[PDB]
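Colleague: PDB entry and its sequence, pasted below:
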Amino acid sequence: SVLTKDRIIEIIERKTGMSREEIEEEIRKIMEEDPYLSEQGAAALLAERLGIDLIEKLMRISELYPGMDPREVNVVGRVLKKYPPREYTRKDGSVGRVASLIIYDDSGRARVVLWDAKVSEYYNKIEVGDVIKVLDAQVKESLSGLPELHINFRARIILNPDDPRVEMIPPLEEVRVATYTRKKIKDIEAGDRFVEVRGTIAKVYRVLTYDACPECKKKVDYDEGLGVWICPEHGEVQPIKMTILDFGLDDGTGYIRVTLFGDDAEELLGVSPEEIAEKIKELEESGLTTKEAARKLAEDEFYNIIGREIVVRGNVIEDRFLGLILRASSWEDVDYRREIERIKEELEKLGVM
Amino acid sequence: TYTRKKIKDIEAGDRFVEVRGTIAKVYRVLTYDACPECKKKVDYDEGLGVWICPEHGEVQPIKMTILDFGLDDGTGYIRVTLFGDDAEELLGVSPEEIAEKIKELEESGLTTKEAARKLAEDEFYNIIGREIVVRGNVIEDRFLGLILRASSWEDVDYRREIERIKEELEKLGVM
Amino acid sequence: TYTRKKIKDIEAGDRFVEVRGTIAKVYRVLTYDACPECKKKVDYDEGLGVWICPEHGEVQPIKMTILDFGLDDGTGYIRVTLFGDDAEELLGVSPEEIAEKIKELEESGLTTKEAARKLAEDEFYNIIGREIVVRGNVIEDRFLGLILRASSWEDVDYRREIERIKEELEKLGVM
Amino acid sequence: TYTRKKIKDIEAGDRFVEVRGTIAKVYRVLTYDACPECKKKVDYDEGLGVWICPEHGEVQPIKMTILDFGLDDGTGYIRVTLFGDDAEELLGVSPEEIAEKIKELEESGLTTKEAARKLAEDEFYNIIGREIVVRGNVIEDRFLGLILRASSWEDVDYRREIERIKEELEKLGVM
Amino acid sequence: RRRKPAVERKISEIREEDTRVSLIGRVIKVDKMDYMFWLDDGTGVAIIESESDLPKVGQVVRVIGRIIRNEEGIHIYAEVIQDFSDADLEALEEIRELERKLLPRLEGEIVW
Amino acid sequence: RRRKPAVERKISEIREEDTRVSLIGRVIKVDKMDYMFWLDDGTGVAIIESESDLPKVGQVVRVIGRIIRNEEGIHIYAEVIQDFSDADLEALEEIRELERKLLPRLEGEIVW
Amino acid sequence: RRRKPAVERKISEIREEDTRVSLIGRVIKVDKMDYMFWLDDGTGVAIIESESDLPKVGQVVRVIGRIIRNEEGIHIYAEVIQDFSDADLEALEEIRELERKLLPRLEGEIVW
Amino acid sequence: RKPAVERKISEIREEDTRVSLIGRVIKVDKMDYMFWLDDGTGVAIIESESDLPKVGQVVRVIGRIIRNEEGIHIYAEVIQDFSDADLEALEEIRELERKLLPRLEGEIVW
Amino acid sequence: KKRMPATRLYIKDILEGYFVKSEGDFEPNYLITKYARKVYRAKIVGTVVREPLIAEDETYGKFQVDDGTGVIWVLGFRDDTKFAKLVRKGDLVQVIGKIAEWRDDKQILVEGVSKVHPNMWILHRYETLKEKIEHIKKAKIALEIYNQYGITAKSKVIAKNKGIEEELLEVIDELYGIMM
Amino acid sequence: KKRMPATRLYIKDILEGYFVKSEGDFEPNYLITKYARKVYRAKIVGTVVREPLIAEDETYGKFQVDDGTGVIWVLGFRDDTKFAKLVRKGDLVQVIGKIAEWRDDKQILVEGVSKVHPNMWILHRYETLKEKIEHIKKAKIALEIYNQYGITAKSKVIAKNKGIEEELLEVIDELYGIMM
Amino acid sequence: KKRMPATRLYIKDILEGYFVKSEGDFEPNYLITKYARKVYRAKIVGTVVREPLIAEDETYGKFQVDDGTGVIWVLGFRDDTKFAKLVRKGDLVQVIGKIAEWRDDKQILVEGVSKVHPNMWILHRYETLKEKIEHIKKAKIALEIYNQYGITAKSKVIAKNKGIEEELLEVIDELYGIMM
Amino acid sequence: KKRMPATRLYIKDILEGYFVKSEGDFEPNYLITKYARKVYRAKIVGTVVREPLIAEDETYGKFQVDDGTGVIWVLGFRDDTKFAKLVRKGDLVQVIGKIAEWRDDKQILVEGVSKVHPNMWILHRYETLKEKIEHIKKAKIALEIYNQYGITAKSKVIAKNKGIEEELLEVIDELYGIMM
Ligand SMILES: [Zn+2]
Ligand SMILES: [Zn+2]
Ligand SMILES: [Zn+2]
Ligand SMILES: [Zn+2]
């Protein structure tokens, strides 16, 4: 709300020391020049001439945490990754149109989720490497513990703003990440860390959902005698359902088991964990056991992801009953030209050309 | 017996006339009450609360269908009306269904005639462009011109029409 | 000098009449050679094979444009023919470019009238719907009705129209 | 004479062994020349052009058939080979038909082993699933392990097996 | 559900039941970091939230937009901004009063 | 550049220059494993392929499609297949004769 | 009739014996009323006749179709149409040449 | 579906629907395609569809009973011959089955 | 060979008018507003609120116009889409065209569109107001004349004596007929 | 009230005709064929060739029609697109509609489409041939009556006493006026 | 290069067993009975209830086998369909084949079927009961060894000195794991 | 509990390999290619050429895959038939699966089918070419040790220290036995 006519007079009285009658005379001088201005507008113009009108008076992504007033949301960012739009069912039963985007600055990175009609408004016009100005939006905590940006109706997105912080964003080429290690399957042993493997999803072992702490993102034990979930890191907490996925990777020289946790599995399957929850529940309603229902769910409906190449990375460990398994920190789809270059250099080593 | 005649030669007062052609338009579709024995119109009396047929006394009303469309045969255009059984035989839907449809249009907040027109043009638009041969008599309306009241209708007999065209070609000076 | 007159009251033989209206259709655009100084059609006589103006002698003609469109003002439809440089001002384009456009359209194998009408319809369709004031003399054609030859044109005024409609309301008795 | 035994206890080097079971799979069907007196394969000499039998001098060879299949008794799986006329009675097809059929197989561009396999699996599949009693000896082969060479085969005797089942059931402790 | 029509009202006479508002007036000054500006009508000052185009100080313009009601106050989501500084306003206000004092009775007469 | 319509021609009178043809005949044998069927109109036999559907054997059919000419053979790729089981062929042939007998002279009438 | 693999060849190397060919290129000109489009792969321009759908102009596409050989010209009877608007053509041509100049010799080595 | 049931003429029960019987044909009738069986203890009326057995041989029939007001009739569907067979062993093994089987599944758990 | 003039309307009068669809081929579709005005071709002045929506193959192009009194879908079909290529969202326009129906909503089949100054918007306001009040009083005068006799030769004669145009009588007759 | 009858035609004769677009309100756009026949509504029988392209927003529909002599683009706009839902590839239909011009290519704006039996196809062919023969005979009879004498009052007398319809002569005169 | 011998079963046992699907390329599927028995190849003797149905393209052939205990669907794919041609309705046959579960229902994949004599059917009842009693007594005498110690060296040592196969302990362990 | 890795192959290698059918239930079927390579599971990339064919009772589903050198059949039986509904004509798919033989023709049983991008197709070409070259090199290296030494312990040790893998030796021996 703009300051009232009396409020501006009080501010001008404090910042200048002129009496109310003197200010009223200066106001009366104004509409003589412009009779179409309001009394409040005349006071605002007088303050602008006096230099007082700045009553209404650099933020990065790192300092942002859930719970800010959207009015304070003013950040910039260059597109890092662009996800295809997805579909979600609203609370009323209608199906909504949901899309996610990845942007970054020199201070950090954040995940933004674009909702409903706005996707047609901004998703089409936005491309990778572009700069986005963010205002009046909501901040939410992710399953990974990093802030997520929810673009609702009140939120606004601007293409190519005239902000000084645009130039200080590093380009995509300068973006640096970890190195990990590229390795073939046949020559890895237990305990080898930071290893990446590219291949084909050849088998779907298990899909599960279970309750976990919403703060440290780890499983919570439910106490039968007490009736709540006790986290031995935060005490009693409200559980959140998160999913795990166990599948098998193949490369042409071997075949290994890989475990995916939480958000990455969510993106790979493309369904929120809640649906996994009621599907598991309604399989349980058929009298089947938990693990049998999990295998059935993995087999009957999520069979469409077999045969798609991925590039996973993580740390490998050994189990005495299962063999070698690979806990995946994260996964990314392929990049091709790089793999073509590797094949070319391998041909050169072979001594064919 | 019925006599075949081109639509151009149709004048008010002719009887026992049959016409071949195509359905070019649909004007109205509806249903109304009639006596269950003579299939004639009955009058519902609000004061008596009963239906009176001045041939059978009080009777139980039955639904009969009224259909109005337009027929064209390449030389003219005539409005044709169909009553009762043959109408829903051509449409292929039980008359009680038409009664339910016109009613459900009525409580929508719409009056009877425009509801009938909407029903005619919104669900029965597939009968346009079908070869039809009708038999009946012509009657003049001071509001609508010539009207053909079809007693009954049937599909076209191909062989007779082929022979007619052959005869006309022979007469014209080719065969 | 110049008298205002509603279209509904326009009859043949009216002289020095100006109307306010809206361009509701474009009929034809064309151009041709005429005497540069008196703005009159010159005859390309084939006996001497020269452009003669038989009121000034032998002259070298220059190009000028003719436009034929239609005007509507909420009371009746009239046709307007605009001559020469006024058409250039209204369209904002030189006559010469119009000339080579006409040539390149007609060389495609089209009649001069048909090519002219095609040019009018497919290139000058963005001027219809605007508000104009026409000013000229009314002529009668046997096969065209009433046609207004425009001596000059000017865009509509605002305060004069406002005061005239205000005084008309005063005559009405609303205030 | 012949001693009853079970497949689980069958050991190489055993002779005069009689077993009962069912045919599960057929391995090979072949026919080759042999002496008509000692029923032994004759040696064809390229330098002589004749089939010498080095126990009766030169003789005219005659066809004789060899069968290879597999037997199950519920306790083990044994490959078994049968000679000549016993296979004739079991299969019911005279050897010249087998010779003609195999030759029919090899003009297509097939050598002996796969052609015999195809003929066995294409026209002699109906004989598996039929109970058979075999009598013969156990032999050991470096690749095929245990093989029962059947001197003769006989149909299952139901009553003796029924009484054997009854007496073993009594020894179990049921009655 | 057809789109609702715009209704012309003044800042000092803004009603609660309204949703879409067309406002005619002068901007006093603009804050660019927020893409927002202050619009003066002659009877009040309003907050107008621009999306992609920003005006300049001292021109009479007409903006059609949506109103938002919250605890913060009255901030108007601008949708379409148009220039009007080269125009009349006295006759506009006059026809506004005439229009308002004539419409209530016009449809009152003439039954069916 | 208007498209050439389906010229109606006989199998025994198939011309080299044709690109799209229509036939009316009867199927004599069908091979569903290869999507082949043999069309015999009484004056010759031709092979016709299929997109997804094959008719059963013994009924009159009409096929509109493009001619595939190569060294393997002269066969027609079907595009549209219709059933003329109840059709009368004699009248159709009679009008075909009447048409190519009359039409060329008919167009000669009328001047400019 | 065993089905022949779709042999892939460049436009200017189209042979007379070829039956089913796959062509990869771009559409520089299309026609919707004839439903026919021209491919310009750099070495030449080709006429392709579609059945139900057409691509746009300038977007890289791939097509698999049979050959229409006649005195009029060389047309290809399309059946399969896919888009390649974002592919590395240089790698494709490099691997094509590499495959061509390797494989015939590779089968030569080893015996039985 | 319902597994085939085998029963006996004098002990046939109402609850049974599809039943197997064994008996000897004593006489037939072609007008109704029907015939009579005896197993030494009773008479069974069997209504065949088109096939006809002969009199005096032991046979087995798979049919379904028709419990109507017209009398006793068996809607037979299968007949098979056993003239070469025995039956005392069949009866003894049936008795063994009845006196053993229902006890066996009750033994042991999971 | 004549063309009837366009009449200037408020959009609201267009939305809840009574649409008479033609039957023969020698007369056009038209609209009868509440106060018995016969409208053939409409002409409006107003703003555009949304981006024009035109198909990729320039078959049809439609957008929206608002005069502060309603929402109207201005359409242009086939080769009329060129008109829809002249409009960008956020500008005053003047539109002229026919009136037609679809899915129970009034739509203007476009015939011409142009950009125009606000002063013409004020002119449109004044003109439509005066025309509306004129037709109101004329129809009110004709109401009792219709009610007392209806359509009779004496009624036509006396209506001519008061100087009421002939058409209004049958306009009122058709309006009353469509009342039932 | 008068709806003029629909005449049966070959597609080629429709695609070859001369189109005259009416200017006034009370006149329809029509097509004068090569042999001086005036058609308002066309009724053809043909085989659907390609699958109907129906807009997702339910605005326009279109499909092609062949009958052995030409292929034409049958359209349907606005509320008429429902008709373009009743047919599919391979069908054998009968189509009745108006005549429209677009991009120098003729089209039929549909007002009715319905499937038929092959006997309808044969009868349609006979009927169109016979009707064409009759009209070309009449035009041959009238051509010399027009060209030798012209348009005179006694020319109409001659036309009526020899059984020549009056409309044929001004149709022929307009045809010539077009072709010069 | 080994083959496990087939085993004779009641149909209800196959119907009400537990299907363990091996996932490695060096172990096949198998079936666990309620009484802790491992079955690889089924082998039953019974009567067909329905006529064989065979696909026209010779791809799959299945029919129904019944003995009074249950009805089972015996299947053959591809070239095994010839077996489905060897049997006519109403006969008393013997079937030997594999085990595989479809839509939560057990199945027998055919490998060999033959005509037989009823005396063998009595022999079949004899043999199946003789196997049943021995295996159930073995399970009974091994259950205490399982649940007293578990998977320990001493447990299997005392079991093998008692006269019980060691693999039965692992079979019981697998069945108990399937229980929970 | 092991599963052998899948190999990447040209269709012209699957068509011209030798199919070895295992007899024991503990070993799977396999195929030895012309250049002495044993394949358990194949993994091809190809374009579908015809519409997927589905059983009405959906006991099987099959379609055709082509990459540029030959056309092969993808089958799915019983439970797996769902896979045959994941693809449509005109797609660029990647198929991982097993190998099956039926009427002297080699076919693939699907185990996973997934759509890919053209860049996947290019990667497939490059990778398969590299693998083929490497295997040819190793094969010609090991062939002369096989021929001039034979299968002896010292020969195997020399192969081990000469960079030749062990089981390739009996691969060569099996190929030589089969070709005989
Ligand atoms: Zn916690
Ligand atoms: Zn009555
Ligand atoms: Zn001059
Ligand atoms: Zn000898």
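Modeller: Ah, there it is. Numbering: from 1, shown residues only, chains lettered A, B, ... in the order given. Ligands and ions are numbered 1, 2, ... in the order given.
Colleague: Leaving out the residues flanking it, which one is nearest to the residue nearest the centre of chain A?
Modeller: Taking Cα atoms, centre = their mean as the criterion, residue A:111 is the residue nearest the geometric centre of chain A, at 2.3 Å. Nearest non-adjacent residue to residue A:111, counting by Cβ to Cβ, 6 or more residues apart in numbering or on different chains: residue A:148, 4.9 Å away. All C-beta spots, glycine's among them, are computed from the backbone N, C-alpha and C.
Colleague: now residue E:34
Modeller: residue A:135 (6.9 Å).
Colleague: what's the distance between the one you found and chain I?
Modeller: 22 Å (Cβ to the nearest Cβ, to the nearest Å).
Colleague: Near chain C, which residues of chain I are found?
Modeller: Residues of chain I found near chain C (Cβ under 8 Å from any Cβ of the partner chain) are I:1-8, I:43, I:82-83, I:86, I:94-96, I:111-114, I:116, I:119-120, I:122-123, I:126-127, I:130-131, I:133-134.
Colleague: In this structure residue A:261 contacts residue A:218, no?
Modeller: No - taking Cβ atoms under 8 Å as the definition, residue A:261 is not a contact partner of residue A:218, at 10.1 Å.
Colleague: quick one, helices of chain I?
Modeller: Applying DSSP state H to chain I gives helices spanning I:11-15, I:81-84, I:118-148, I:153-162, I:167-179.
Colleague: Tell me which other helices or strands the last one touches.
Modeller: Contact analysis of helix I:167-179 by 3 or more Cβ pairs under 8 Å, 6 or more residues apart in numbering or on different chains; DSSP states H and E lists strand I:18-20, strand I:30-32, helix I:118-148, helix I:153-162 as its packing neighbours.
Colleague: can you check the third one too?
Modeller: The contact analysis (3+ Cβ pairs under 8 Å, 6+ apart) places helix I:118-148 against helix C:159-172, helix E:90-106, strand I:7-8, strand I:41-46, helix I:153-162, helix I:167-179.
Colleague: Of the ones you listed, flag the one that's most buried.
Modeller: Highest mean neighbour count of those: strand I:41-46, a mean of 23 (counted as mean count of other Cβ atoms under 10 Å in any protein chain shown).
Colleague: which other residues reach that one?
Modeller: C:22, C:74, I:4-9, I:11, I:14, I:65-68, I:72, I:92-99, I:108, I:111, I:116, I:120-121, I:124 (Cβ atoms under 8 Å, 6 or more residues apart in numbering or on different chains).
Colleague: quick check: angle from it to helix I:118-148?
Modeller: 140 degrees (axes from the mean of the first three to the mean of the last three Cα atoms, to 10 degrees).
Colleague: do you know how far residue A:348 is from residue G:93?
Modeller: Distance of residue A:348 to residue G:93, computed by Cβ to Cβ, to the nearest Å: 19 Å.
Colleague: quick revisit: what are the bridge partners for the residue nearest to residue E:34, then?
Modeller: residue A:74, residue A:156 (DSSP bridges).
Colleague: Double-check it against residue A:155; I have them as touching.
Modeller: Yes - with contact defined as Cβ under 8 Å, residue A:135 reaches residue A:155; the gap is 7.5 Å.
Colleague: who touches residue 47 in this structure?
Modeller: Chain wasn't specified; assuming chain A. A:8, A:11-12, A:53, A:55.
Colleague: Sorry, I should have been clearer: chain E.
Modeller: If you count contacts by Cβ under 8 Å, 6+ apart, then residue E:47 has A:1-2, E:36, E:38-39, E:73-76 around it.
Colleague: Distance check, it against residue E:70.
Modeller: In terms of Cβ to Cβ, residue E:47 sits 12 Å off from residue E:70.
Colleague: tell me, what's touching those two both at once?
Modeller: With Cβ under 8 Å, 6+ apart, residue E:47 and residue E:70 have no common neighbours.
Colleague: can you pull the contacts of the residue nearest to the centre of chain A?
Modeller: Neighbour list for residue A:111: A:100-102, A:142, A:146, A:148-149 [criterion: Cβ under 8 Å, 6+ apart].
Colleague: will you turn these into TSV that also has distance to residue K:162?
Modeller: Output for the contacts of residue A:111, formatted as TSV (distance: Cβ to Cβ, whole Å):
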residue	distance to residue K:162
A:100	65
A:101	69
A:102	66
A:142	61
A:146	63
A:148	65
A:149	70
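Colleague: Taking chain E, what residue is nearest to chain F?
Modeller: Relative to chain F, the nearest point of chain E is residue E:2 (43.4 Å; Cβ to the nearest Cβ).
Colleague: Kindly tell me how buried the nearest residue to that residue once chain neighbours are set aside is, as a neighbour count.
Modeller: The shortest distance from residue E:2 to any non-neighbouring residue, by Cβ to Cβ, 6+ apart, is to residue I:71 (5.4 Å). Residues near residue I:71, counting by other Cβ atoms under 10 Å in any protein chain shown, number 19.
Colleague: contacting residues for the closest residue to ligand 1 within the stretch 251-353 of chain A?
Modeller: Using Cβ to the ion, the single residue of the stretch 251-353 of chain A nearest to ligand 1 is residue A:262, 14.5 Å away. Residue A:262 makes contacts with A:143-144, A:217, A:242-244, as judged by Cβ under 8 Å, 6+ apart.
Colleague: nearest residue to the most centrally placed residue in chain E other than its sequence neighbours?
Modeller: The residue lying closest to the centre of chain E (Cα atoms, centre = their mean) is residue E:23, at 1.5 Å. Closest residue to residue E:23 apart from its sequence neighbours, by Cβ to Cβ, 6+ apart: residue E:63 at 5.5 Å.
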